[PDB]
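Asker: Following this message is one structure expressed as structure tokens.
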Amino acid sequence: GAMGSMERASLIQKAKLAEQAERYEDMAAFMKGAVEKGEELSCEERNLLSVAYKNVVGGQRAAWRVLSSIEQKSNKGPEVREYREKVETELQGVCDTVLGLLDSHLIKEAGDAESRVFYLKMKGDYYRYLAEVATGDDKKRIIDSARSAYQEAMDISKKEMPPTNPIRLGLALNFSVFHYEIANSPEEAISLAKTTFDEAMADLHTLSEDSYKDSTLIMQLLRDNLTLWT
Amino acid sequence: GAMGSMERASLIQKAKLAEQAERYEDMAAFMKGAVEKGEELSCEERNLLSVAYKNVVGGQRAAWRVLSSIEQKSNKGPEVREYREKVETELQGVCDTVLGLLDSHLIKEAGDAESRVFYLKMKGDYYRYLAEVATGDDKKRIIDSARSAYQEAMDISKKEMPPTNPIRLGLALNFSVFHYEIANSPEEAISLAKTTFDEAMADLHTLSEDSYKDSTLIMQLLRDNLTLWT
Amino acid sequence: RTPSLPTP
Amino acid sequence: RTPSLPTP
Ligand SMILES: *Cc1ccc(-n2ccnc2-c2cccc(C)c2)cc1Br
Ligand SMILES: *Cc1ccc(-n2ccnc2-c2cccc(C)c2)cc1Br
């Protein structure tokens, strides 16, 4: 692509600079370039990829929700619908780009549990974002694609990672949000969050101070959702 | 341009939607499209144009300042300089676009004091942003272009607008910042802010409650700068 | 919407 | 930098 002439190391360095500059579109383009070099990503590089695209799609989703709300209230000419559609298409394009990176070829080359779970979680999340805007057709298949990705990630994480692992915790958080917000399965959402929280609590004693801080931070987010849901 | 096929009214409506969605790049593109329809802009439309581009260039300037700071600290390979240059070029491009709209043909068709002062203030501001990143060559000419625009705006505002007019006040604020930050003329900056504040204070008695609120808000920003500068 | 995982 | 005019 357009980053084909830049060194991998330079792309990663520029992604870090773009993060500091709050230039997330640039950050995402740099990390896409890095992925397209064809090498596996390190832990830190996976995090950069994730931060970049979460910020890009986050802005798009926030805009979509503002516009969708205006459109619903109005139900005046075609403009709100047209502009909501424009933002929607752009969002779908970003999701498709991320999903394309995961399929070509990040997931298939990810053999370690940490990397494979991370990428399958991402796959679940980006199908989830597609589901948020999907209507009528393919919507069921999109939801099932999210579910299938999260489920594979869960199965690996349960076998290969401690219950306090931040990736495992974040996966559970997001899969529980999927159940609550997308799958109309609030009880599954609550069960998953509660079991995840309790199993993590019981393993905190094994952790260093730094690991403890990370795990308990995510546990508090699980608890926050349980509070909102009950 | 690319908005050539959309109705003027639809562009303005979509700019308002883009503002609500915090999609400022879109907002700016919509307002550029509207300007290119060739009709004069109303007060509200001028404000939309200004908000859109101030947000776009604001993000760029904040990024440039982060990157420039990193570059200075580092003075390691070409990456920080390259990326700072990239952001700089993009910023210069936005400034040139705005200046181009003002020159083709917003200023020349602006006969009322309110519109003409507004556009000349904008012209001063966008040359000021060019000056913030200019080095060695043309830098003096850029600074003088900012100065000349602000000065013409000041001369008109003094003749044609009350001292409490928000445009007049905002112009004085920004021209005083120009003097302090760009022209290395802190005493001129202070004088301008103080005289503007005092002349506005003396005219507040003429204002309705709503006008009073607007004028005093800007007066407080002048006072804040005077506090910082003294 | 329920909050999902924020950035690290 | 000194603050300039914010948005309205
Ligand atoms: C999805 C996910 C889960 C966990 C992390 N993460 C990696 C290292 N540290 C974290 C972490 C710790 C505490 C809080 C948060 C939000 C993340 C990254 C990602 Br992506
Ligand atoms: C440069 C400039 C100056 C004033 C305004 N403005 C128009 C109407 N109301 C305002 C205003 C009032 C109070 C505070 C602020 C920041 C703006 C717009 C512009 Br652009």
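Labeling convention for the structure tokens: chains A, B, ... as they appear, residues from 1 per chain, ligands from 1 in order of appearance.
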Could you give me, as a tab-separated table, a per-residue list for chain B showing, wherever an atom lies at most 6 Å from an atom of ligand 2, the closest pair of atoms and their distance in Å to one decimal, using only C-alpha atoms and all ligand atoms and sorting by chain then residue number from low to high?
Answerer:
residue	atom	partner	partner_atom_place_in_ligand_line	distance
B:47	CA	ligand 2	20 (Br)	5.6
B:50	CA	ligand 2	20 (Br)	5.4
B:166	CA	ligand 2	4 (C)	4.4
B:167	CA	ligand 2	3 (C)	3.9
B:170	CA	ligand 2	3 (C)	4.2
B:171	CA	ligand 2	1 (C)	5.8
B:214	CA	ligand 2	13 (C)	4.3
B:217	CA	ligand 2	13 (C)	5.7
B:218	CA	ligand 2	14 (C)	5.3
Asker: What residues of the protein or nucleic acid chains come within 9 Å of ligand 1 when you use only C-alpha atoms and all ligand atoms? Reply as a ChimeraX atom specification.
Answerer: /A:43-44,46-51,54,118,121-122,165-171,173-174,211,213-218,221 /C:5-8
Asker: Go ahead and write the residues just picked, N, CA and C atoms, as a short mmCIF file (atom, residue, chain, number, x, y, z; two decimals), in the first residue's frame.
Answerer:
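Saved as selection26.cif:
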data_model
loop_
_atom_site.label_atom_id
_atom_site.label_comp_id
_atom_site.auth_asym_id
_atom_site.auth_seq_id
_atom_site.Cartn_x
_atom_site.Cartn_y
_atom_site.Cartn_z
N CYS A 43 3.82 -7.76 21.33
CA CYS A 43 2.78 -7.30 22.27
C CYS A 43 2.60 -5.77 22.14
N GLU A 44 3.68 -5.04 22.25
CA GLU A 44 3.55 -3.58 22.17
C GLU A 44 2.95 -3.15 20.83
N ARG A 46 0.92 -4.91 18.83
CA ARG A 46 -0.50 -5.24 18.86
C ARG A 46 -1.28 -4.15 19.57
N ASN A 47 -0.76 -3.67 20.71
CA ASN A 47 -1.43 -2.61 21.44
C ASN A 47 -1.52 -1.33 20.61
N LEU A 48 -0.46 -0.98 19.86
CA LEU A 48 -0.52 0.20 19.02
C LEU A 48 -1.59 0.06 17.94
N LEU A 49 -1.67 -1.11 17.31
CA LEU A 49 -2.68 -1.36 16.30
C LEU A 49 -4.08 -1.17 16.88
N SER A 50 -4.29 -1.76 18.06
CA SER A 50 -5.58 -1.68 18.73
C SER A 50 -5.97 -0.26 19.12
N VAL A 51 -5.04 0.49 19.71
CA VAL A 51 -5.32 1.87 20.11
C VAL A 51 -5.69 2.72 18.90
N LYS A 54 -9.17 1.69 17.49
CA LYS A 54 -10.26 1.92 18.44
C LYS A 54 -10.60 3.40 18.47
N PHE A 118 -5.77 -12.14 21.48
CA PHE A 118 -5.84 -10.72 21.21
C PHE A 118 -6.51 -10.45 19.86
N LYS A 121 -10.27 -11.51 19.80
CA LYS A 121 -11.01 -10.47 20.49
C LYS A 121 -11.27 -9.27 19.58
N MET A 122 -10.23 -8.83 18.88
CA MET A 122 -10.36 -7.72 17.94
C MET A 122 -11.40 -8.07 16.87
N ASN A 165 -5.42 -12.56 33.62
CA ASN A 165 -4.70 -12.02 32.48
C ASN A 165 -5.51 -10.85 31.90
N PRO A 166 -4.94 -9.63 31.71
CA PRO A 166 -5.73 -8.52 31.20
C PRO A 166 -6.45 -8.73 29.87
N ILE A 167 -5.82 -9.46 28.95
CA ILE A 167 -6.45 -9.78 27.68
C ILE A 167 -7.69 -10.63 27.93
N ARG A 168 -7.53 -11.67 28.76
CA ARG A 168 -8.65 -12.53 29.12
C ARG A 168 -9.78 -11.72 29.76
N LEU A 169 -9.44 -10.83 30.70
CA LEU A 169 -10.43 -9.97 31.32
C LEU A 169 -11.13 -9.03 30.36
N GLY A 170 -10.34 -8.36 29.51
CA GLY A 170 -10.92 -7.45 28.53
C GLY A 170 -11.82 -8.16 27.52
N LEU A 171 -11.41 -9.36 27.10
CA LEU A 171 -12.22 -10.19 26.23
C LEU A 171 -13.56 -10.49 26.89
N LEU A 173 -15.10 -8.84 29.35
CA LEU A 173 -15.83 -7.58 29.38
C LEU A 173 -16.54 -7.36 28.05
N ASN A 174 -15.78 -7.36 26.95
CA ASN A 174 -16.37 -7.01 25.66
C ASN A 174 -17.36 -8.05 25.16
N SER A 211 0.96 -6.13 38.14
CA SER A 211 -0.05 -6.98 37.53
C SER A 211 -1.39 -6.83 38.26
N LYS A 213 -2.48 -4.19 39.77
CA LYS A 213 -3.08 -2.92 39.38
C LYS A 213 -3.86 -3.06 38.07
N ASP A 214 -3.24 -3.72 37.08
CA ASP A 214 -3.89 -3.89 35.79
C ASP A 214 -5.15 -4.75 35.88
N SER A 215 -5.03 -5.90 36.55
CA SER A 215 -6.16 -6.81 36.67
C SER A 215 -7.32 -6.17 37.43
N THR A 216 -7.01 -5.48 38.55
CA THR A 216 -8.08 -4.93 39.35
C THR A 216 -8.77 -3.77 38.64
N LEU A 217 -8.02 -3.03 37.82
CA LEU A 217 -8.63 -1.98 37.01
C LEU A 217 -9.73 -2.57 36.13
N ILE A 218 -9.42 -3.66 35.43
CA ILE A 218 -10.41 -4.24 34.53
C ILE A 218 -11.55 -4.87 35.32
N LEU A 221 -14.11 -2.34 36.02
CA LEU A 221 -14.97 -2.11 34.88
C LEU A 221 -16.05 -3.18 34.72
N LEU C 5 -14.37 -2.07 26.90
CA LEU C 5 -13.03 -1.82 27.40
C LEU C 5 -12.53 -0.48 26.84
N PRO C 6 -12.02 0.43 27.69
CA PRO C 6 -11.36 1.65 27.20
C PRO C 6 -9.97 1.34 26.65
N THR C 7 -9.22 2.35 26.16
CA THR C 7 -7.81 2.10 25.82
C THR C 7 -6.94 1.83 27.05
N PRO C 8 -5.82 1.07 26.93
CA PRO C 8 -4.96 0.78 28.08
C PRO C 8 -4.34 2.01 28.76
#
Asker: Near chain B, which residues of chain A fall within 6 Å when you count only C-alpha atoms, and what do they look like as a list in words?
Answerer: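 Here is what falls inside 6 Å: residues 21, 63 and 66 of chain A.
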Asker: Would you save the residues from that selection as a compact mmCIF listing (two decimals), in the first residue's frame, using C-alpha atoms?
Answerer:
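Final output, out-v5.txt:
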# COMPACT_ATOMS: atom_id res chain seq x y z
CA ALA A 21 0.07 13.94 18.72
CA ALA A 63 -20.84 10.44 15.12
CA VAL A 66 -25.53 11.41 17.10
Asker: For chain C, which of A:162, A:53, A:202, A:90 is the closest residue, counting only C-alpha atoms?
Answerer: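 Looking at the shortest contact to chain C, the residue is A:53.
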Asker: Please compute the CA of residue 124 in chain A-CA of residue 147 in chain A distance, one decimal, in Å.
Answerer: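 Computed distance, CA of residue 124 in chain A to CA of residue 147 in chain A, equals 6.6 Å.
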Asker: So that I can check the surroundings of range 129-138 of chain B, please list as a VMD selection string every protein, DNA and RNA residue that reaches within 9 Å of it, counting only C-alpha atoms and ignoring chain neighbours fewer than 5 positions away.
Answerer: chain B and resid 57 61 64 88 91 to 92 95 to 96 124 143 146 181 to 182
